[PDB]
């Protein structure tokens, strides 16, 4: 099964907002599809981490044994599905990544740092944006204007 993570935010003079880097941390809460167990802990997964699965199943970002029912579950970030959140997406949900899930679905998301974006006309780069507080403000010197990302929210959808 594939699950899409959709972001929404209110944008100020900003576009091309996206996760960057192999070490980018997707902080998630995950639910075992066998027994309904949801760990209390935020757990992060990264592209950088990559474990072989058995059969011709390829790879996963994380494999774990559910603590309640003991099933081996896995999740894989699909690198090719990572998409930017752009000025035209303002205030709409948009899929920014997809996960290949084998027995374990993400049910919550805590964005933190490692995002990047760009001034919409200036093209000035804003690197390592931390969205943990769901609101972010900076100033674009070239464009002589404020930039911001506000009211960040998310949802998961089947895909």
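Residue numbers count along the first chain shown, from 1.
Look at the C-alpha B-factors of 58-66 and of 128-136. On average they run higher in 58-66.
Across the two stretches, 140-148 and 18-26, the PDB entry reports the greater mean Cα temperature factor for 140-148. The entry assigns its greatest Cα B factor, within the set 103, 111, 106, 114, to 103. Per the deposited record, the Cα B-factor of residue 32 falls in the middle third when ranked against the other modelled residues of its chain.
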